[PDB]
Each structure stands twice: as C-alpha cells, then as structure tokens.
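Single chain ahead, written as structure tokens, the form deposited in one PDB entry.
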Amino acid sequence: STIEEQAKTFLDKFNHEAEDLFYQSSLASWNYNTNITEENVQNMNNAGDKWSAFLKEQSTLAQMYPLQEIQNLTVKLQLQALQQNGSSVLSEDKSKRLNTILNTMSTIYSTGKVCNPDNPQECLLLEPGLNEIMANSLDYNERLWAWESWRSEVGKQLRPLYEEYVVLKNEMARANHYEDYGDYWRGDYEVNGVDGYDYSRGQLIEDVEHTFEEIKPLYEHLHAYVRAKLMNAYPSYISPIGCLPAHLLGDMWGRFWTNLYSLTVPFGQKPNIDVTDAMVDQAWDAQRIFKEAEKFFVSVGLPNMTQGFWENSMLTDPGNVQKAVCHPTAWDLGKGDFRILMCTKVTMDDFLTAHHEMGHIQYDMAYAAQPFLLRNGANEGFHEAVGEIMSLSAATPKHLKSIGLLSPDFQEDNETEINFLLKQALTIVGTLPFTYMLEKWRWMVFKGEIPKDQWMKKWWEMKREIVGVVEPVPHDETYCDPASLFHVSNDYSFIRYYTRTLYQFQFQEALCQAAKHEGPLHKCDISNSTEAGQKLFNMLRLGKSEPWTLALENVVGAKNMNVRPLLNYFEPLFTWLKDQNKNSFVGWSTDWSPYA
C-alpha cells in the first residue's frame, strides 16, 4: 500500500473517531457555560481530557507516516496538523510547570482586585469594577489610580510568572523546528506548497509593517483630533504636542477609544441612532431578533438556521434558577449541531451582535462538508472578519429604516455621517497601532531582542513612538504592563485583530461591488444581494482546505491583505480630520511625559 493511501485510510479512521469525541467534549463544555455547577465542571474536564488524550494518541500515530512521501496537497495538510508535537515536546516536569504558570496567570488576572486607599472597604476587580472607572470617569486622579493599581497589584505578580512563561514557550518552539514562540504564532499564515500562493512566516512581519505605514496618516490626524478634544476635558494635563496619557483613552489599556465618543463627538446636537426603544414599542422579543437576523442571511442566498439551532440554543438568560456565562459565542459542536450562546436583551447593541455571531454559524455551516481537520477558517483572522461585515451592513440607516427600527423621516446629513465615522474610527482604526505595537513587542521578546532588564523600558519606548501614548507614572522592570491585558497573560496571539480588520474591509468592498453599491463604502448594505452572497459563500465553503491567499482571492481578487479598502471606508472622515487639524499639531513628541 502507498504511504499516501495508508495516510488517507488513517485520516478516515481519525475523521470518524474524532468527530464523535469532539462532540462529547463540546457538549460537555456547553452544559457548563449554560449551567455552572460542580457536576458539569468535572464532566467538561473528563470529556476534555479524554479528547486531549485521544488527540495525543493520534498525534504520535500520525507521525509514523512520512510527510515528504505524500503528494496529495489536501491530505498533506491534515497530516501536518496532527504531526505537531505541541506542548508535549517538553519533559514531564517542564510541561506540568508550564500548565501551572498558565493557570496561575489566568487565575490572578480574573481574581485580582485592587482596593481604594481612600476607602479600604471598597475593593474592585477588573470586571466590572475597574472597567467601569476607565470607561465613564472623568477624574484624572481616579482614572490614574485604577490604571496604576491594575499594573502595580496584578501586574507585578505576573512579572515573575511571565518570565518563566517565555523561557518555557521558547523551549517548545525551538524543539518543533521554529525560531521562537513568535515564529510559532506566525505559522498560522504560512503557506508552503502551492505555486503562486505561498506565504512565509517572516512575510507576515513585512506585510503587517508595510500596510501599517499607510495607516499612519489617518491615525496621526485622528490622534491630533482626539488630543485636542481631550485637552478641553483634562486642562493643564495634556500637551498639544505630546502623547496621550494612557489612563485617559477609554479603557484599561487604551485598546479601544470607543468610550471617548462622548468627549470627541464632532456634532453632539444631532440625534443618536439608537433603535432600542423602537423595537420595545413594536413588541419585539429575543426570538424576533434572531428571526430578523436569519431573514438577513436568507436574503443574500445563504440557507436558513437548522432546526437544532432553534431547539438547542440559549438565546435568553435563564435567570437566578440557572447561572450561565453570558459571553456571546457561536458554538459548532459538529455533526450538524450549531448553537449560539448569548443572553440577548432587547437592545440595538445585541441586535448587531446577533448578526455577528450568526455570521460565525453561516461560516461553520459552509465548510461542514470538509474533513474534520479542515473545518475551520482560512486563517485566525478570517472568522472574525466574516462576522464583522454582517454588523456593518446591519448597522446602516438604510437597513434599519427598511426593517422599521428607524423613523422613515430620519435625515442623513453630512454631519451625521461624520459622527458615525468618528465613532467607527475610535474603535476600528484606534486599535491598529495598539495591536501592531503589542504583537511587535512580544515578537521581539520571543525572538530575543529585548533583554529582561529592559522589558518595560522598550515597551513604553514603542508606546510613545508607535501608538503615541505615554505612561502617566514611570514603571521600572518590577511591572509587567503588557501582561495586564487578557490576551497576553492568557496565551493568545494578538496579530489576528490586525489582519481581521484589513480583511473585513477588503470583504466589504468586494461584496459591495458585487452588491452593485454606488454610494460611499460606509453606507453599503449587502442585503438582497444574491451575487454578493454567492461571492462570499464561494470562500466560506473552502474552510482551511485551500490556502488563505487563494480563499482571499476568491472574494477580493488579491493574494494578500490590502489596506486600501480600509482607507476608503474612513475617507470622508480623513478629509474632515485634516480640515479640523489645520490649526493643530499632527504628530507627537516621544519625550514629553506627565511627570518629567
């Protein structure tokens, strides 16, 4: 028998045996997130450890097939996925200690709470304690306290654990034929085998930096506009030429500037587009929100939601009789079982989120015919980009007026559109320098370019230069501010949020052309476009079988990520910001600090 034919039969055994164990592990974790009890938390771990022990057994079993002896490109991808040694390349004690520090970091991040020196009986953790302060408070000292206390209390504890976290993760990647742990994460975008569609792990660094240079002009003008508005909110605290203090950006880390809309709104007199009260008066329930979202995907050519979706999803809060995690998630348990976990409330923010999570389900339904190891997005950024383009179309005034949530006589002035684009830019383009700088810092740390004695020194040098954000109080090497973020201390790659952002606008521009849209890109709604739905479905069905460069080409017509569609979305705002900043200073000095 040919090694290629022996591997195909082996994958047939795996795809049938793994699909059954994966469903038991997924349903076990579903019964926990919808019903937090001790009996269900052990069933989640038992079915989870059984799936982990099964996956490890098939890992070494798949390694006995030489990957070089396979000519079929599809089966070669499946073997390479199983042949990854992963974390088992360490010794029994190093792998046990690695999982010990990974759990300790995740624990102290979620359980760490700081107390007020003015009132020691008032102690708040990150959520919802400190997050409510960073998002609503206008007191400089109150925000400075919550910002510094989170990085001096739970941040200093993560410093020794993150040091051992780096050395152990490097010992894993170097043993699996990788340069470092950062090179391991960049392997998700690696394509090697298809002529004209390859992509190296180092090519990601070149492309992310090349596209980021074109985002600088748009971000610098947004930074200058936000800084001018922030000076009116915090007089005698911000320099008109210096960087923005970190504790005044809207959240704990400055990742999103969404909370600055109340302080940076261009035209506050104009009516807000909040259709929350409209559906309540029109007698809408949580069932109607998902029924209306289902009608949206059917209008573009995508199929309905399965019967098991309406029978097994938890679309409402069970209340005090059954505690459940209310994080909106889209579950793909396999074997035709698609569910959505969301404590939906009759609001506009949940209406748009319902389109995002159901967009994930339409992606899962598409590649269901692919083999088990191929049922996933093209890369880590493709899945989140599909869900975001749905909320873009569902949030347009043309769609809200057509459904009946906005009044038919709502005038769309040129100032209402600038208000909307400014709100989008505070969330979309405001996180791009933060995302790139964060992953750039971890790439350098993993690569070995930042020694331990200058981790925080180089962290804030890049914050000043790249993001344009200065720390309010000086931090030595005792702190570990990057670890104070969830994705860093919980072992998650962060470059996915940069690539997904450029993908979602390449998808939107590609779909709006197929949707025959003619106005500005931000006013586009792909509703009723069976051509755009067919054009999008042609890439959703690929899953991970074809390389992401080919899957991206099937929709946008390009083999690589492009920043041009992102600039066209915020083009009316970019010219407006340049007019506003004609008497302002565009740019920042990397030397000013609120404590020099």
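One-based numbering along the sequence shown. Take the two forms, find the largest set of C-alpha atoms that superpose within 1.5 Å, and that set is the rigid core.
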item	value
Of 216-224 and 279-287, the stretch whose C-alpha atoms average the higher B-factor in the entry	279-287
Greater mean Cα temperature factor according to the PDB record, 585-593 or 4-12	4-12
Residue with highest C-alpha B-factor in the PDB entry, from 549, 562, 68, 26	68
Deposited CA B-factor, highest of 144, 124, 230, 470	124
Ranked against its chain, the third holding the CA B-factor of residue 353	highest
Lowest, middle or highest third - CA B-factor, residue 61	highest
Residue 396 - Cα temperature factor, lowest/middle/highest third of chain	highest
Lowest, middle or highest third - CA B-factor, residue 377	lowest
Chain thirds of CA B-factor: placement of residue 310	highest
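Unshown form deposited in another entry; subsequent notes refer to it.
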| query | finding |
| --- | --- |
| Displaced residue between this form and the one not shown, judged on C-alpha after the rigid core is fitted, out of 476, 213, 206, 281 (threshold 2 Å or more) | 281 |
